[PDB]
Amino acid sequence: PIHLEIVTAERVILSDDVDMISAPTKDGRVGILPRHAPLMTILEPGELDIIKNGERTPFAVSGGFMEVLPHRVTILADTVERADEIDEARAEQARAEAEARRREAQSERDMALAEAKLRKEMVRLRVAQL
Amino acid sequence: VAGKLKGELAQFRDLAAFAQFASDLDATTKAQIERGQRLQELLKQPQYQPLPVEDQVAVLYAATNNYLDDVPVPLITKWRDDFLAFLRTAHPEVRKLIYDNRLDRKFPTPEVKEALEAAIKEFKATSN
Amino acid sequence: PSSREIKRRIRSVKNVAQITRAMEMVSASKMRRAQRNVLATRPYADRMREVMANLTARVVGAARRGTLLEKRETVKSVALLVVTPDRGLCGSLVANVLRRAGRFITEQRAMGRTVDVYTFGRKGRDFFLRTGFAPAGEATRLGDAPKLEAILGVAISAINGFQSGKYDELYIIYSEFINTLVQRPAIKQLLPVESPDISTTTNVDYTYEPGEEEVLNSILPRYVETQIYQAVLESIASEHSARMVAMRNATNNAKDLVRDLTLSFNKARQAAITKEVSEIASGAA
C-alpha cells in the first residue's frame, strides 16, 4: 500500500501501489514497507523484487537510486529490465524494437527524408534558369 | 590529356547541386569539387592571348596530375601565366619536345614524362 | 519564356512544393512525437530536481560541496555544450544557436577564460571544425528520440573535466521551444550548485544509506546528465518545429511562384497562338 514509481530517464516503468520492495541498496539489500522512514539510497547492479499480493516480479536494475518517503517510493533507476518475461525478445518490446523500431522507425525515416532532400536539391538545380 | 579534364568537369557540374546547398559533404567530394574549380579557373583565358598546343598540353598535364592542387583558385590563372613564362625562359626545350612528339599514340613517353614533371616541380619551388 | 520551358519551370516548382509539403507533414509528426518524449521524460527530471533541492538544503559545507557542486573561483577554463540539429532546412535555428555560441565564446573569451566546446550534431561539429574550434567533444547522428546513453559519451567527459579542473564551468547552448512557431536559442549553466528557495525543498530529511557525501557524488553526474538529456530533447523538438515552419513558408513561396509562372505561361501561350495564326494568315494571303 505504498505509491511506488519506477521512473527512468526515458520513460516511467511502473506507478502502481505495492506491498513490498526488496531493494538492492549499495550497502545491503533493503526491504520497504508502507510506513518506511524517509530514506535515500544508491542501488547496485542486481535484481530488484516487487512483491504484489504474493506475486514476485524480478525487475533487474543495472543501477540507479531510490527515494523512500513514508507514503511513496520512487526508483530513479538507470535501466530497468524484466528477464522474468523471457519472451520479451520474441515480444514486440524487443522483436518489434528490431523491425518495427530502428529498421523503419529510424532507418526508413532517414532513407525517406534524405531521398526527399536529394530530390529537392536536384530539382532546385534543375530550376536554376528562372 | 583532355579525357580526364572532360570527365572531371562533367562530374563537377554534376556535384554543383550538392555544392550549392550541402555543406556536410565528405572530404572526397570536397577535393572533387575543388579539382572541378581548379579546372574551371584554368580555362578563364584572357582575350588576344592564344596558347599554342604544347602550352595547353603542359598546363593540362600539370592540372590533371595533381600538381596544381595546392594552388588556391584565385591565383590559378596567374599561376598558369607564370608557369608559361617559366617554360618560355627556363626551359624552351621541354616545349620543343612536347610539340615534336605530340602525334605519337602514347603521348606520356618516359622521356616526355620526365623533364616536364621536373619542370613543374622546379616551378613549384621557385614560386611560393 | 517559350511557353514550353515555362511549363518545365512550373513542373519543377510543383515538385518542389510537393516535396516541401511532405517534409512539413513529417516534421510536424516528428515534432509531436518529440513533444511526447519530452513530456514522458519530465517526471524523472522533476523528481531528481526536488531531490537536488532537499540534499543541497543540507551538506552545505563548501569542502563537502568541493565535488562538482563547488564554484571554481578562477573560472580560467570554461566549456560550452552546443546541441545543433544534424540536418539543415531547419530554418534560422541552426544559425541562431551557433551565433549565441559566438556571443558566449566571445563574452567569455573576453573574460580571459579559455572557452572550449562539446557539440551535439554535425551542423555544430562543422561550424566549429571550420571556425577552428574543433569540438572538444562531438556527438553526431542524433535521432529524433535518442537515449540518455548517447549524451553520456560527451557529458561524462565534460563532467570528468569539471572534476579534473580542466574546466571551471559547463554551459549548454540548446534550442528552447516557446511556441509551435517560436524556437529561441538559450544557454543554461551545467554546474550543479542547485540550492533553490528553502521553500522548494521543504527540507525533506532522509537517512542517506551510503552517506551524504557518497550520495551527492553519485547523484550530481546523473543530475547534469539528465539536464543535458532534457536540453537535447527540447532541441530536437525545436528542430522539428523549425523545420515544419520553414517547409510551410517554402511551400507557400512555391505556390506563389507557381501562380506567377502560370500567369507567364498563359501569356506565352496566347502569344504563341497569336503568332501562329498571324503567320498562317500571312502565308495564306
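- In terms of determination method and resolution, the entry is listed under cryo-EM at 2.84 Å.

1. Considerations on the pattern of salt bridges
Two side chains bearing opposite charge may form a pair once their charged atoms approach each other closely.
Point 1. In total, this model carries 37 salt bridges over all chains according to the counting rule given.
Point 2. A salt bridge links B:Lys113 to B:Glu117, with the shortest nitrogen-to-oxygen separation between them at 2.6 Å.
Point 3. Owing to a relative accessible area of 31%, B:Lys113 belongs among the partly exposed residues under this scheme.
Point 4. Salt bridges sharing common partners tie together A:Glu5, A:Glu67, A:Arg72, C:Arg47 and C:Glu50.

2. A closer look at the side chain of B:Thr29
All names here are of chain B.
Point 1. Mapped onto the elements, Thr-29 comes out in helix α2 (residues 27–42).
Point 2. Accessibility expressed as a relative area gives 13% for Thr-29, which makes it buried.
Point 3. Side chain to side chain, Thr-29 and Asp-26 meet in a polar contact 3.0 Å long.

3. Topic: helix α4 (residues 73–89) of chain B
Residues and elements named next belong to chain B.
Point 1. Between the first and last C-alpha of α4 there are 25 Å, a value that for 17 residues agrees with the 24 Å anticipated at 1.5 Å per step.
Point 2. At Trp-79, α4 shows its strongest bend, of approximately 25°.
Point 3. Along α4, the positions that sit buried rather than exposed are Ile-76, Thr-77, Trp-79, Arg-80, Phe-83, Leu-84, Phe-86 and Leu-87.
Point 4. On its buried face, α4 is in contact with α2, α3 (53–64), α5 (92–100) and α7 (117–126).

4. Quick word on the packing of helix α1 (residues 2–21) of chain B against α2(B)
Helix-helix packing: each pair is described by the crossing angle between the helix axes and the interaxial distance.
Residues and elements named next belong to chain B.
Point 1. Two elements in contact, α1 and α2, have axes whose closest approach is 8 Å; the angle formed by their N-to-C orientations is 120°. In terms of orientation, α1 lies oblique with respect to α2. Both α1 and α2 take part in a crossing whose hand is left-handed. Residues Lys-4, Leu-5, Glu-8, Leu-9, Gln-11, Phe-12, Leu-15 and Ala-19 of α1 touch α2, and the partners they reach there are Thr-29, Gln-32, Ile-33, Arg-35, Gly-36, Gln-37, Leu-39 and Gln-40.

5. Focus: empty space enclosed by the protein
All names here are of chain C.
Point 1. Reported here for the largest cavity is a volume of approximately 40 Å³.
Point 2. Along its surface, the largest cavity is lined by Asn-54, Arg-58, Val-204, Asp-205, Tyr-206, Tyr-208 and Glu-212.
Point 3. Residues belonging to the lining of the largest cavity are distributed by class as follows: three nonpolar, one polar and three charged.

6. What to know about the layout of surface pockets
Point 1. A volume near 790 Å³ is recorded for the second largest pocket.
Point 2. What lines the second largest pocket is a set of 30 residues, and nearest its centre among them are A:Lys117, A:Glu121, B:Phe21, C:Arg87 and C:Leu89.
Point 3. Elements supplying a minimum of two residues to the lining of the second largest pocket: α2 (103–126) of chain A, α1 of chain B together with α1 (5–57), α3 (122–131) and α6 (212–284) of chain C.
Point 4. With seven residues, α2(A) is the single largest residue contributor to the lining of the second largest pocket.

Reading the values: the criteria
Residues numbered from 1 in each chain as written, not as in the entry; some residues may be left out. Chains lettered and ligands numbered in written order. Part of a larger assembly, values for the part shown. Heavy atoms only, no water. Residues with missing side-chain atoms left out of burial classes, pairs and counts. Salt bridge = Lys/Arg side-chain N within 4 Å of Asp/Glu carboxyl O. Buried < 20%, exposed > 50% of the residue type's maximum accessible area, 1.4 Å probe, protein only. Helix = DSSP H or I, 4+ residues; strand = E, 2+ residues; numbered from the N terminus. Polar contact = N/O pair within 3.5 Å; in protein donor to acceptor, adjacent residues only side chain to side chain. Expected span 1.5 Å × (residues − 1). Bend = angle between axes of the 7 residues up to and from the residue. Contact = heavy atoms within 4.5 Å. Axes fitted to C-alpha atoms, helices over the stretch in contact; angles between N-to-C directions. Parallel < 35°, antiparallel > 145°, perpendicular 65-115°, else oblique. Left-handed = near helix turned anticlockwise from the far one by under 90°. 1 Å grid on protein atoms, 1.4 Å probe; cavity = no way out; pocket = protein on both sides within 12 Å on 5 of 7 lines; lining within 4 Å. Points joined across faces, edges and corners; volume = space filled by probe spheres on them. Nonpolar A, V, L, I, M, F, W, Y, C, P; charged D, E, K, R; others polar.

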